[PDB]
Amino acid sequence: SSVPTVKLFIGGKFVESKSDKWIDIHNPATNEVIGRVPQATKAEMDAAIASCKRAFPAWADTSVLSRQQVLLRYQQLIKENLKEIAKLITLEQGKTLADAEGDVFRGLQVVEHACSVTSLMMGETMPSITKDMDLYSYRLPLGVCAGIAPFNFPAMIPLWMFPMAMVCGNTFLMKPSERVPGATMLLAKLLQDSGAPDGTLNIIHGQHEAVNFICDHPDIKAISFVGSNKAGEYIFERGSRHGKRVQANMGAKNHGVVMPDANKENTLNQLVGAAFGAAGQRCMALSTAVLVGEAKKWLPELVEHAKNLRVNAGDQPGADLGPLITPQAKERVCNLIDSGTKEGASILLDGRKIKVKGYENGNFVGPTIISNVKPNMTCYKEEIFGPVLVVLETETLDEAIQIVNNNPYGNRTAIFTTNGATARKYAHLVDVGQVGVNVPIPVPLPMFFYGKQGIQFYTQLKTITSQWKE
Amino acid sequence: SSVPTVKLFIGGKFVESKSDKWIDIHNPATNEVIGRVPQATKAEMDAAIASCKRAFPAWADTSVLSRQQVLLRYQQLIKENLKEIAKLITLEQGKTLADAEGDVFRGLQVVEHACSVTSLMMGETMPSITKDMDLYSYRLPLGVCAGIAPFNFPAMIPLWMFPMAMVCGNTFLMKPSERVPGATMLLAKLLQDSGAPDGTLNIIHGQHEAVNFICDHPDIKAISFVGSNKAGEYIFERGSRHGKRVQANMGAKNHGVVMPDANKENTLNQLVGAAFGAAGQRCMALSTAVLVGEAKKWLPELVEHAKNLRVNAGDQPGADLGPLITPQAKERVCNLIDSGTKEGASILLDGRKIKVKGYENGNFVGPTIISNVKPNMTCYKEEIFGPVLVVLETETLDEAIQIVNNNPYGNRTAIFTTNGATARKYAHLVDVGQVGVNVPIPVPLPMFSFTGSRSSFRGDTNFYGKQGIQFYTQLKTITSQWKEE
Amino acid sequence: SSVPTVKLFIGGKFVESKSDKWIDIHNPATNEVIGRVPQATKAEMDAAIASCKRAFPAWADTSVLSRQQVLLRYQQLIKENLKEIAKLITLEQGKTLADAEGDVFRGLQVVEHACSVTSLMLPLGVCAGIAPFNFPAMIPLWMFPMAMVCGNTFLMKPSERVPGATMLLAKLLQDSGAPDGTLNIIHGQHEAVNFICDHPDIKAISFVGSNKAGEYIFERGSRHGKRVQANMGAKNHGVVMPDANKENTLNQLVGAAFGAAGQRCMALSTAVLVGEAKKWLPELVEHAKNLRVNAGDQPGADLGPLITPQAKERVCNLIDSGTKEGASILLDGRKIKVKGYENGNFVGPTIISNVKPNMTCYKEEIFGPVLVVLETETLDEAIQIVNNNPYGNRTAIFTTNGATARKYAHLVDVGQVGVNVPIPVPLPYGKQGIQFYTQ
Amino acid sequence: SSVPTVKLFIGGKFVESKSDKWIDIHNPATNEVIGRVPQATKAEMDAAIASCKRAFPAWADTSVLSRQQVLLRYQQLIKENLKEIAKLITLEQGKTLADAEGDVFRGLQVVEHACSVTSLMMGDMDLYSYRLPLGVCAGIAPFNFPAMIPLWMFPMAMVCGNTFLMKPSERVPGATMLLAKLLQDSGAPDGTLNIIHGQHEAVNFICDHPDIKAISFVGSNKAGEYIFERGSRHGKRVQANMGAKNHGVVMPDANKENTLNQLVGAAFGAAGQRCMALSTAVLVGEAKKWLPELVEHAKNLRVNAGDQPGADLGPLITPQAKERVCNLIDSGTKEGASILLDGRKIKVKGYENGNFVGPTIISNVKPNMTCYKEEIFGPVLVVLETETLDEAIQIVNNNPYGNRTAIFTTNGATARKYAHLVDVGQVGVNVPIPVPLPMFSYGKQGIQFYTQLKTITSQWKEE
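Chains as they are written, first to last, in the deposited numbering: chain C, 3 to 450, 465 to 486; chain A, 3 to 487; chain B, 3 to 123, 142 to 448, 466 to 476; chain D, 3 to 125, 134 to 451, 466 to 487.
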């Protein structure tokens with residue numbers, strides 16, 4: 003009853019860990035312990051690796067269609083248990099039920115995209131490129147893969163890391179978030195129910211020690227990560243040290259540009275939705291707003307629209323944003339807001355002293371709007387990972403483009419304007435690949465990895481050149 | 003007596019034929035004999051077949067990249083010599099300069115499409131479908147191919163036949179139209195200048211005997227033909243009885259439904275242009291249309307728009323309607339007009355009596371309009387291949403759809419209407435997949451195959467697209483289990 | 003007492019035929035009447051076609067995902083009833099339980115292949149299927165699932181001699197949530213094929229097996245203007261090089277040549293021992309003798325009895341003609357006697373050698389457990405012999421040398437060449470099948 | 003009188019460098035100074051970068067079809083002046099006329115391949139897939155021995171719409187100058203291509219300069235790693251097409267004569283100064299008995315200047331290469347290995363002062379010897395032996411770096427087993443060099473490298 007343990011998943015059994023280190027799973031809305039996740043031991047991780055290795059050959063020999071049937075049945079089962087996963091997410095991570103449903107829906111979309119890989123697995127051939135010389139190439143699995151998610155999306159991150167590696171024929175060793183592993187456990191249960199061969203998927207919970215193990219052990223051929231730039235680069239280097247390939251989303255510091263010729267109502271609505279959605283904990287979200295020209299006059303309207311947000315627990319009906327993941331995150335956000343205020347920034351809206359009825363012991367932080375910010379301020383450089391919207395002011399679109407380009411870590415950007423020529427100019431001049439015209443977050447799916469990129473990453477390309485004569 | 007003859011293309015080099023039988027080349031604007039074409043003898047055809055066979059191995063060993071580079075050089079030379087080809091077409095076939103330009107442009111687009119067959123020639127593979135079981139897929143050239151073009155397109159059909167057959171590794175033995183061969187000879191000269199190895203393309207002439215030889219000769223692996231229904235069926239039969247694959251795009255009496263909720267003036271202009279453009283000689287011409295409800299009130303406007311066409315030789319400025327290719331075509335058109343008259347159809351406008359100033363010697367026929375037609379009229383059964391616009395009496399969309407379905411031979415159909423639900427219902431019940439909205443004739447789009455299986459087409463495969471590759475190549479699948487314990 | 007009567011499938015319910023032409027079906031292992039099949043009347047076939055027409059709109063409007071889920075549930079139901087289907091096929095067709103399980107496995111494979119039709123575009145309409153007695157389970161799962169998932173309603177006419185397997189399959193399909201009237205099944209003789217070809221309601225027809233029957237069906241379809249993908253059968257020529265694995269090659273030959281009593285649509289019934297490979301005839305005969313001939317349900321059996329006594333008579337007549345014409349019979353099974361099943365249509369493994377290409381056995385389709393062996397001195401002669409075959413769909417080459425296999429695959433005119441493996445790609466259709474069932 | 007001086011190519015104008023530091027170009031057949039290459043000054047490199055920047059807008063605005071026609075005209079010009087390029091190559095690098103012609107033909111084929119980028123470059135919520143060029147590209151050439159490579163780098167970067175700053179081999183510039191002249195004659199806009207010469211300083215500038223967007227390098231692994239690190243440090247996207255040692259496995263059932271001929275041609279071909287050379291051979295099973303015939307075939311090779319008729323392999327580019335090869339062979343000799351054929355004492359008649367090294371065959375070599383670890387880049391073939399295919403596969407896998415590998419055998423089962431169990435990407439069956447093209451994993469990968477994808481998502485409406 004008390005402090006319910008979180009079991010592991012090795013081979014085909016939900017074996018429980020006997021480790022010494024244990025971490026408590028707190029509800030972000032009440033700080034009440036709802037579970038205890040163990041830090042997997044060296045022996046348990048070795049057993050998981052052995053299971054992955056033993057399952058690798060059988061799963062690889064399995065035809066691509068046979069594997070894809072498993073993913074199809076797994077997607078169907080997920081669709082059947084949508085409400086259960088949504089409620090588990092709302093309970094553990096604290097996000098609203100609608101946010102969890104949307105996350106599971108994006109995960110289903112990614113699973114379908116992976117199921118659609120069956121055609122890409124075929125290789126090309128060129129008969130008789132020269133006299134009696136044939137050419138053809140093969141795509142084969144790499145080996146044992148792994149994934150890491152410190153505190154980000156609990157379901158979508160696995161639902162994009164693991165299904166692709168499976169469809170490619172590899173075995174996956176997932177290290178889910180130490181704070182929200184229940185969703186991953188339910189997903190693994192639904193998978194095992196889908197008829198997946200035992201040992202194809204293994205799950206081990208652990209702290210930085212587990213990440214170091216995964217990076218050091220050689221049997222891991224590839225590793226995937228999504229999170230802060232620091233941990234991203236750290237894992238990338240630790241993997242490259244051992245030769246194994248690694249891919250990581252290191253930053254999502256998106257900049258939103260608002261031109262004077264834009265729909266004020268819809269623009270402000272989308273800005274408030276993307277900036278404070280999911281309490282700003284989501285990696286991809288408009289956090290830096292650039293007002294060009296007379297757009298500065300919309301600051302009072304922006305603050306008014308932000309005041310209309312309803313802070314409440316993820317389970318209470320009529321909620322717009324949930325509490326933060328941990329009290330430490332709230333303290334960090336408060337310290338960052340205090341630093342911004344000390345550096346001369348004006349706090350148009352302050353949520354540090356928010357008090358939710360019936361959940362005062364939760365990690366809630368109200369919508370925070372910071373204006374008069376400059377590129378040299380901490381609020382601009384540091385990634386908040388919270389419901390804080392920093393606003394900068396510029397006179398021409400060239401200044402906004404330059405500010406956006408100065409951002410070293412940036413993958414998604416948006417511009418709000420009705421002039422198509424202005425949008426095209428911004429897209430051509432901006433140094434960001436993904437651009438959103440009147441869209442807050444283009445391609446909300448986790449990516450820099466999909467389509468051709470995912471296959472090229474999770475499969476090696478063998479090339480055979482044979483010239484038989486006699 | 004010996005009017006300047008036209009060159010042949012044997013052994014990858016322009017040479018003359020030793021035949022004693024010649025066919026006169028008449029300018030349709032003046033019926034002047036501008037040239038003569040001799041039917042290739044058995045010797046010339048045998049030499050062409052031998053050269054194609056000799057070139058087949060080298061042209062197949064020739065990497066697809068080099069073939070596509072040659073096709074690109076040919077595209078470039080066409081783009082440079084566009085005006086010469088247009089002049090040749092206008093002089094020989096008689097169509098206006100604009101029609102020749104459009105023909106050359108469509109041929110250039112088809113060449114560009116053929117240049118992108120890179121991913122199509124390559125095969126698929128799937129290693130280890132089971133324990134030690136590798137599957138391979140290869141597409142190999144067939145051999146020497148033959149092509150018979152109609153009298154309508156001395157450029158478009160040759161430019162359909164050359165790019166695909168050549169890029170697929172096959173050597174082609176082309177047969178142009180005896181009434182318009184010069185344009186094809188100039189196109190072949192440009193192709194040879196583009197770097198085409200000698201022997202990959204060969205040109206012969208002959209009305210019926212050459213077709214019989216091509217269909218009977220065993221070295222011909224495949225045959226491509228475009229023309230009438232009876233001729234296409236005869237060619238298909240003569241080819242299949244010898245074991246050779248044949249594809250024939252035969253007559254296609256496309257129908258255009260005129261809905262009351264459409265652009266009136268624009269729809270009428272498009273109908274007038276399609277039914278009378280290039281003297282309506284196009285086999286794919288929109289010679290028939292359906293007037294639904296209010297569309298029938300516009301017949302006076304049809305007559306007005308028809309009278310607005312500048313009936314003049316194709317070389318004069320502003321010419322809209324050209325002359326008939328030969329006096330026999332004009333005779334057939336006039337006989338069909340007389341038959342429509344006898345059947346009781348209302349010929350609202352008759353261009354049978356119109357003549358062109360300064361070109362009365364030409365086989366000119368003005369824009370003719372026949373309205374109040376129903377499936378009972380014989381002119382609806384037969385195709386005019388001339389400047390005759392047929393419009394039928396109809397009351398509802400379902401009746402028009404049924405009338406169009408009653409047409410046994412038709413490859414394309416269109417409907418003029420701004421209502422989306424109307425076009426949806428039309429496409430759902432009409433027996434045609436190539437449906438166009440507010441367009442008289444769906445323009446070819448070679449990136450996919452020109453699908454057709456009605457009485458207007460013979461053969462299980464089509465000319466270009468995926469089906470084009472399937473036709474000009476042979477699919478071989480190899481399953482290998484290399485294991486020795 | 004009263005032999006069971008197989009009912010038709012119309013409007014989503016099993017209904018008994020009103021016709022009096024109740025043909026009797028015998029078990030091939032005992033030639034005992036296990037049931038009767040009626041020749042559907044004109045009225046019953048018209049009602050089935052009308053039901054298919056009325057059901058086509060709803061099934062076509064159904065989303066592709068719903069049809070895919072239906073096919074997945076049907077595959078699941080088959081997996082749950084694989085044993086029953088295999089036992090029914092063995093009792094009705096005579097082949098061994100292993101062969102029936104393999105047929106069900108190929109059915110599952112083709113269903114999974116059809117599941118990949120997520121989106122490629142429209143359905144034509146009423147589709148028809150004509151299946152011979154070669155494969156009761158596979159042929160339906162070859163034809164009707166594709167047309168179904170593509171949005172078309174299918175009218176299946178199974179083999180008159182083995183309707184039970186497809187009837188249980190259709191029952192399981194209806195259990196999978198298939199809308200009523202989507203799939204219709206009728207029975208009848210040549211008259212049924214004549215109706216299906218004449219009735220303009222049918223827009224597409226699928227047929228396999230006999231060559232002349234397929235030609236007739238294609239001609240009738242072209243006469244009535246219907247899409248007919250008549251994939252007629254063809255002989256398969258296997259070439260054995262001296263450097264090939266003797267044991268493995270002989271095992272493959274014995275399995276493919278005599279497997280399922282050689283009644284399958286395509287089998288490696290011809291072997292060309294080029295070079296010193298001819299010296300392997302003793303081992304081949306010994307391996308053929310090791311085969312066990314017994315009822316499909318008795319443990320320890322490799323090949324079952326023939327479909328009907330007429331098939332046995334025809335096979336015996338062909339073997340006698342080959343012997344009289346000059347061919348030497350290395351192994352004779354015409355007078356085999358299975359213990360407890362002497363009345364069956366059993367025919368022991370037969371091996372014929374010294375057969376020239378112009379002989380009857382080489383030209384005629386045996387459709388039985390007979391293996392004709394030819395000899396040559398160079399691979400070019402074998403390639404020429406294989407190319408001379410007008411109707412050749414599959415060919416195999418056994419060799420450990422890569423250059424030899426590559427030369428054989430390149431010089432041979434056959435489209436499908438299986439190197440070191442017999443009966444390559446036993447499934448053929467595919468995306469061309471989608472094009473066929475669509476417009 | 004004085005030796006000719008190589009001149010830079012900036013802004014479409016062949017300009018002589020005003021630098022003080024100069025480097026001499028020696029004929030590898032006689033070591034005679036035939037030319038001088040200058041050390042590009044900071045100002046000249048800045049001017050070249052400025053020219054590339056000013057030319058990038060116009061060259062990017064041009065449609066892909068115009069660039070394709072330019073590449074076609076350049077290919078035609080190359081086909082016309084193939085003999086001159088071959089002569090210059092044989093003069094500067096020492097390769098035989100046939101080898102130089104083959105190099106020119108491979109470059110022509112790579113240009114033809116690059117021409118096939120016509121459509122691949124083009125690439134309520136709308137989703138565009140525009141692909142745009144990066145900007146000013148750069149390409150450092152080998153720091154050991156060259157072999158084509160300009161036609162690998164600049165044609166693709168240009169047809170993709172980018173401007174290129176080419177750093178040719180300081181030891182064989184003339185070919186690059188002739189190619190640049192032909193390109194300028196092909197109608198290429200001035201400033202689209204710029205060429206500067208220099209030592210390590212030039213590489214440091216190219217890697218550190220901010221305007222450079224991408225860099226491409228071929229050659230040894232050390233310089234490759236250095237350039238990759240220095241580029242990634244400044245945010246540069248770089249692909250290090252590093253060379254690697256190749257391993258060819260021979261089975262007892264392989265074609266004896268053909269296998270020996272192909273081995274002798276791939277190992278001692280072009281003096282072994284190629285990253286594609288099959289510098290090592292593994293004789294599995296009874297294949298060991300083929301050593302005498304291999305030595306005889308190696309002896310049959312005739313060593314002579316690249317211009318003299320009847321030459322199979324030419325001399326080394328510099329005497330330092332000969333010294334390094336001699337030191338590496340002496341190391342293997344001291345380490346216990348045996349030399350079946352000694353080429354150190356080769357003395358070409360009439361060219362005794364050239365950098366010639368005859369065919370060398372080393373046997374009994376183990377994986378721990380320097381000959382196996384170090385890249386010889388010379389006419390040296392180390393022959394190993396094993397008793398089973400598993401040992402050869404394990405030896406091939408143990409090698410850290412590798413791009414090409416070959417298996418000589420007639421049994422398809424053995425070939426497939428080797429191809430599947432081997433950890434190398436390109437596997438050749440009865441072929442020493444599986445693909446003499448710039449794969450070094466440029467095709468679709470090159471298209472993706474020289475272009476940046478932008479998935480413009482828009483909810484724009486008439487409002």
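Idealized CB from N, CA, C, for every residue including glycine.
For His28/A, which residues does DSSP report across the bridge? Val35/A
| message | List, in chain order, every chain A residue whose beta-carbon is nearer than 9 Å to that of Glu126/C. | response | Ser121, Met124, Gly125, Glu126 and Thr127
(Q) On the criterion of 16 or more Cβ atoms from any shown chain inside 10 Å, does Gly324/C qualify as buried, or is it exposed? (A) buried
| said: Considering Cα atoms alone, identify which of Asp352/B, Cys336/B and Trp300/B is closest to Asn268/B. | reply: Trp300/B
| query | Which chain D residues sit within Cβ distance under 7 Å of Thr415/C? | reply | Within 7 Å Cβ-Cβ: nothing; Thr415/C doesn't reach chain D, min ~11 Å.
Exercise. List the whole-angstrom C-beta distance separating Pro389/B from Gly342/B, where the pair is believed to meet the contact cut-off of C-beta under 8 Å.
Key: Wrong, their Cβ atoms sit about 14 Å apart, outside the cutoff.
Tell me whether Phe450/C sits in a helix, a strand or coil according to DSSP, three-state version.
-> coil
**Whole alpha helix (DSSP H) elements within the stretch 366-430 of chain D, 4-residue minimum** = 380-383 and 399-408
- Among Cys285/B, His257/B and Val213/B, which residue has its Cα nearest to the Cα of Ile237/B? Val213/B
### Query
Is the CB-CB distance between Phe473/A and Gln249/A below 8 Å?
yes
When the Cα of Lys15/A is compared with those of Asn29/A, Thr202/A and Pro183/A, which residue comes out closest?
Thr202/A
- prompt: Run through DSSP, which three-state label would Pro156/A get?
  reply: coil
* Asked: Over what stretch of residues does the beta strand (DSSP E) that includes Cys147/B continue unbroken?
  -> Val146 to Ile150
TODO: Grab me the residues of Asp263/A's own chain with a C-beta within less than 6 Å of its C-beta, minus the 5 sequence neighbours each way, in chain order.
DONE: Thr419, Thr420 and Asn421
**Asked** Helix or strand or just coil, what does DSSP make of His115/B?
**Response** helix
What are the complete alpha helix (DSSP H) segments, minimum 4 residues, inside the stretch 245-319 of chain A? 266-278 and 301-310
Checklist line | Which of helix, strand or coil DSSP assigns to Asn204/C | finding: strand
- Run down chain C in chain order and give the residues with a C-beta less than 7 Å from the C-beta of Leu477/D. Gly435
message = I'd like to know if the stretch 122-142 of chain C and the stretch 119-129 of chain A are in contact, where contact means that at least 3 CB-CB pairs between them fall below 8 Å.
response = yes
For the alpha helix (DSSP H) containing residue 463/B, name the first residue and the last one. In this structure residue 463/B is absent; chain B steps straight from 448 to 466.
**OP:** Pick out whichever of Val119/C, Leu391/C and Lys85/C has its Cα sitting closest to the Cα of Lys309/C.
**Re:** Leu391/C
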